[PDB]
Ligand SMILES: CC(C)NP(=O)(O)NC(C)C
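Listed next as structure tokens is one chain, alone, in the form solved without the ligand.
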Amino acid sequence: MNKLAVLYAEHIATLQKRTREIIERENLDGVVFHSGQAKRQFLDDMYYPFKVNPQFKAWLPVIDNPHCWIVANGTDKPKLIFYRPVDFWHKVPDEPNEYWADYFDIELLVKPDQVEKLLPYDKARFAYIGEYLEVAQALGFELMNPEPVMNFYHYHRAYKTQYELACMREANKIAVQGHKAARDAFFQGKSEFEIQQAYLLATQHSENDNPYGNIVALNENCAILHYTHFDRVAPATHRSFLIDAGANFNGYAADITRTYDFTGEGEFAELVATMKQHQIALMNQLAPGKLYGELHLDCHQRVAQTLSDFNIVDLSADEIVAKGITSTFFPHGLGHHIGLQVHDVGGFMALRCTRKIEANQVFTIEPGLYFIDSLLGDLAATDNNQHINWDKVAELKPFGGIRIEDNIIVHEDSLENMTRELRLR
């Protein structure tokens, strides 16, 4: 028996039920999900790597196949037009024969432009959920990504089926293996580039297989939030390491961050150790009914208590917050839902400090503390310039910043930190 296979049955039942409800509320005959197509590079005969329509992979783990269509109404067996071309050029895989194949009425498609005869005869009442409006209109569809249908599925995406939670445990498990290998590489003095290679090797992921662009930062780079590049030359001296990297499994993402001190001793190393405690205490505050806003406000508080205690700012926690200067050391949000998409969808009628945490949802808790040139300089142009220990700043500035991030499943009865349960210190 396959645990995933058993959970999948309920997954399908759940999407089926959700489908029945929405087509009735909108008087539709059904919904058609288009996996998408490969995008061709301008004036070239090369293509950008394929990225499946999230709304299509929500149903099954087929994420590397364009020209696939799902037609469903929630009561009848969902139809799956599965693109399987034949030609000596590409390797032809066997016909879908895994556990999920049984849940669909599968029609094979040998050429993309032969899909019209496999779709409903009258497409007018079928909502087209996909990126290719022009192709949909030519086929006869009229309802393009109707907002009410998008909002419905997105809202329910926040509530993960057991199959989804299982998939997400797997993604976290792969990512963790990578974060450890990346960790070891850092302590060996490797370059950002080399560290990235180790992560990919340990997770057996190709760059285009991870859920987002990995951030493998060293020293001052740790202060660059959207740091995309990988230096090929190792730094003369190794001070800090920040790696925000994830993994994929059946279309579900992991999104983990870890910051380290090269020596394990000193101010920065202590700062990290503190942030970790604050980070865990924040994870610990997740519970059904809890307002994300409280968690957020609390994070800024912890940050202020950190800035105060490390003499980075010569003021009391409450006054650091009061004066509103914590945002210069922690400029981003505390967390977000995650699942099929890294920054997952959801929320009443299209992360606000107003929504409540609920069971079966999955979150990331990622408090941070950075020393950003631009953001700091701005703080100097205010009457608060007199309140920070600029000597303490220049001493840490060389370490860039800190961020610790886990993915946690909020069960009705408890919290499951997939990341730390995998033993990622």
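For every residue, the number given is its place in the sequence shown, counted from 1.
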| item | value |
| --- | --- |
| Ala350-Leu351 interval: deposited residues absent from the model | 10 or more |
| Average Cα temperature factor in the PDB entry - higher stretch of 105 to 113, 338 to 346 | 105 to 113 |
| Greater mean Cα temperature factor according to the PDB record, 241 to 249 or 94 to 102 | 94 to 102 |
| Identity of residue with top Cα B-factor, from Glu142, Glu170, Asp87, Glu164 | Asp87 |
| Maximum C-alpha temperature factor, selected from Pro54, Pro49, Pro66, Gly377 | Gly377 |
| For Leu271, the third of its chain into which the C-alpha B factor falls | highest |
| Lowest, middle or highest third - CA B-factor, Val393 | highest |
| Lowest, middle or highest third - CA B-factor, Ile372 | highest |
| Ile365 - Cα temperature factor, lowest/middle/highest third of chain | middle |
| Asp44, C-alpha B-factor rank within chain (lowest, middle or highest third) | lowest |
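Keep in mind that the form deposited with the ligand bound is missing from the display, and what follows is about it.
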query	finding
All of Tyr212, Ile215 and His336 with a heavy atom within 4.5 Å of the ligand in the deposited complex	yes
One stretch from 340 to 348, 102 to 110, 274 to 282, 134 to 142 that, in the deposited complex, holds residues within 4.5 Å of the ligand by heavy atom	340 to 348
Contact label in the deposited complex: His226 to the ligand, heavy atom within 4.5 Å	yes
4.5 Å heavy atom contact, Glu220 and the ligand in the deposited complex	no
Residue contact check: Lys77 to the ligand in the deposited complex, 4.5 Å heavy atom	no
Residue contact check: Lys323 to the ligand in the deposited complex, 4.5 Å heavy atom	no
Contact assignment for the ligand in the deposited complex, among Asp261, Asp244, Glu170, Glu194, heavy atom within 4.5 Å	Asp244
Residues in 349 to 384 close to the ligand in the deposited complex, defined by a heavy atom within 4.5 Å, in order	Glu366
